[PDB]
Amino acid sequence: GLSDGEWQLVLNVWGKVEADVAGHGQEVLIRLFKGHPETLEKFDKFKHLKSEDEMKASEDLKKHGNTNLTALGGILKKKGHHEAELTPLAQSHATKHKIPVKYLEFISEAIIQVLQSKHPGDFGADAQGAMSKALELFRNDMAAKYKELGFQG
Ligand code: HEM
């Protein structure tokens with residue numbers, strides 16, 4: 001449910017992410033992990049990362065953050081008619097990776113925090129509100145696909 005206006009504010013601020021996808025991605029995962037330490041346990045390759053410093057040095061963490069936001073940008077660019085891009089992600093996240101809807105909320109918070117921290121001037125009240133609705137739409141559609149597949153939404 002976003003207006004055309006809100007989608008344009010989302011994709012305008014996503015333009016900033018697109019100019020450095022891996023750096024934003026690495027910051028999002030570090031914020032996720034440092035705010036909610038338990039999420040780190042879903043990534044078997046990152047169990048030895050015992051500090052923010054180790055996290056910043058990890059080339060695999062930065063690659064995973066890049067892969068994550070490149071996929072999320074693909075979903076945002078479809079503005080809601082994103083069923084095709086969303087399904088495989090809910091499939092893998094519900095079945096292979098075992099990621100609960102709650103962690104999708106934590107990572108939504110980390111994305112907003114990263115955007116606010118890196119682009120304070122470009123991420124004013126209207127852009128923030130629209131990005132919150134866009135990520136809420138992503139979470140709600142992920143939740144609904146989880147239900148369809150027989151999992152908890
Ligand atoms: C904005 C939300 C997210 C996006 C767009 C996203 C995207 C992706 C993509 C594109 C992949 C690789 C392809 C695939 O397996 O589907 C992936 C893998 C993975 N994701 Fe996510 N993800 C998100 C949130 C999460 C969260 C919150 C967690 C757990 C805290 C998580 C855990 C994982 C794991 C464990 C893998 C496999 C990595 C490996 O094999 O080492 N994801 N994710």
# chains A, B, ... in the order shown; residues from 1 in each chain; ligands from 1

call {"tool": "residues_near_ligand", "arguments": {"ligand": "ligand 1", "cutoff": "9 Å", "atoms": "only C-alpha atoms and all ligand atoms", "output": "NGL selection string"}}
result
:A and (29 or 32-33 or 36 or 38-46 or 60-61 or 64-75 or 86 or 88-93 or 96-108 or 111 or 135 or 138-139)

call {"tool": "write_last_selection", "arguments": {"atoms": "C-alpha atoms", "output": "mmCIF file, in the first residue's frame"}}
result
data_model
loop_
_atom_site.group_PDB
_atom_site.id
_atom_site.type_symbol
_atom_site.label_atom_id
_atom_site.label_comp_id
_atom_site.auth_asym_id
_atom_site.auth_seq_id
_atom_site.Cartn_x
_atom_site.Cartn_y
_atom_site.Cartn_z
ATOM 1 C CA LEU A 29 24.594 -6.370 9.171
ATOM 2 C CA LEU A 32 21.848 -5.873 13.226
ATOM 3 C CA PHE A 33 24.483 -8.033 14.977
ATOM 4 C CA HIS A 36 20.642 -7.972 18.432
ATOM 5 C CA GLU A 38 21.279 -13.481 18.715
ATOM 6 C CA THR A 39 20.846 -12.830 14.975
ATOM 7 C CA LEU A 40 24.544 -13.542 14.481
ATOM 8 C CA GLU A 41 23.878 -17.210 15.384
ATOM 9 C CA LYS A 42 21.878 -17.766 12.158
ATOM 10 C CA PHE A 43 25.084 -17.260 10.132
ATOM 11 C CA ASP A 44 27.289 -20.314 10.715
ATOM 12 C CA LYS A 45 30.253 -18.745 8.927
ATOM 13 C CA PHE A 46 30.278 -15.698 11.324
ATOM 14 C CA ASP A 60 32.501 -12.605 3.800
ATOM 15 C CA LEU A 61 30.303 -10.394 6.051
ATOM 16 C CA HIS A 64 26.691 -11.114 2.381
ATOM 17 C CA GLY A 65 25.631 -7.539 3.190
ATOM 18 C CA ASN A 66 26.076 -6.675 -0.517
ATOM 19 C CA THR A 67 24.072 -9.722 -1.659
ATOM 20 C CA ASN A 68 21.307 -8.856 0.860
ATOM 21 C CA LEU A 69 20.806 -5.228 -0.191
ATOM 22 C CA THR A 70 21.219 -5.997 -3.927
ATOM 23 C CA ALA A 71 18.186 -8.358 -3.476
ATOM 24 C CA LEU A 72 16.250 -5.887 -1.309
ATOM 25 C CA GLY A 73 16.835 -3.148 -3.964
ATOM 26 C CA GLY A 74 15.409 -5.553 -6.559
ATOM 27 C CA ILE A 75 12.258 -5.925 -4.403
ATOM 28 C CA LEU A 86 9.865 -11.844 -2.835
ATOM 29 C CA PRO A 88 12.280 -17.114 -3.451
ATOM 30 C CA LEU A 89 13.560 -14.893 -0.604
ATOM 31 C CA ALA A 90 10.708 -15.920 1.736
ATOM 32 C CA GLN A 91 11.203 -19.510 0.581
ATOM 33 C CA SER A 92 14.909 -19.625 1.434
ATOM 34 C CA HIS A 93 14.578 -17.515 4.615
ATOM 35 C CA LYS A 96 16.892 -23.020 4.665
ATOM 36 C CA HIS A 97 17.978 -20.144 6.917
ATOM 37 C CA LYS A 98 15.344 -20.356 9.672
ATOM 38 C CA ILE A 99 14.768 -16.598 10.020
ATOM 39 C CA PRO A 100 11.758 -15.578 12.130
ATOM 40 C CA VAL A 101 9.582 -12.606 11.170
ATOM 41 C CA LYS A 102 10.914 -10.767 14.244
ATOM 42 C CA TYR A 103 14.450 -10.740 12.861
ATOM 43 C CA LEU A 104 13.039 -9.127 9.682
ATOM 44 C CA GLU A 105 11.861 -6.318 11.995
ATOM 45 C CA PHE A 106 15.326 -5.970 13.524
ATOM 46 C CA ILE A 107 17.002 -5.796 10.150
ATOM 47 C CA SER A 108 14.369 -3.198 8.994
ATOM 48 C CA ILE A 111 18.437 -0.420 7.491
ATOM 49 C CA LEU A 135 9.965 -2.167 4.652
ATOM 50 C CA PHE A 138 8.208 -6.180 2.656
ATOM 51 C CA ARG A 139 7.865 -7.689 6.171
#

call {"tool": "select_by_dssp", "arguments": {"residues": "region 38-68 of chain A", "states": "alpha helix (DSSP H)", "output": "ChimeraX atom specification"}}
result
/A:52-57,59-68

call {"tool": "residues_around", "arguments": {"residues": "residue 141 (chain A)", "least_positions_apart": "4", "cutoff": "10 Å", "atoms": "only C-alpha atoms", "output": "ChimeraX atom specification"}}
result
/A:80,82-83,86-87,90,135-137,145-147,153

call {"tool": "atom_distance", "arguments": {"atom1": "CA of residue 24 (chain A)", "atom2": "CA of residue 53 (chain A)"}}
result
16.5 Å

call {"tool": "residues_around", "arguments": {"residues": "residue 129 (chain A)", "least_positions_apart": "2", "cutoff": "12 Å", "atoms": "only C-alpha atoms", "output": "list in words"}}
result
residues 2, 3, 5, 6, 7, 9, 10, 13, 112, 116, 123, 124, 125, 126, 127, 131, 132, 133, 134, 135 and 136 of chain A

call {"tool": "closest_residue", "arguments": {"among": "A:130, A:84, A:63, A:144", "to": "residue 21 (chain A)", "atoms": "only C-alpha atoms"}}
result
A:63

call {"tool": "atom_distance", "arguments": {"atom1": "CA of residue 142 (chain A)", "atom2": "CA of residue 16 (chain A)"}}
result
24.6 Å

call {"tool": "closest_residue", "arguments": {"among": "A:11, A:110, A:22, A:17", "to": "residue 59 (chain A)", "atoms": "only C-alpha atoms"}}
result
A:22

call {"tool": "atom_distance", "arguments": {"atom1": "CA of residue 18 (chain A)", "atom2": "CA of residue 115 (chain A)"}}
result
11.9 Å
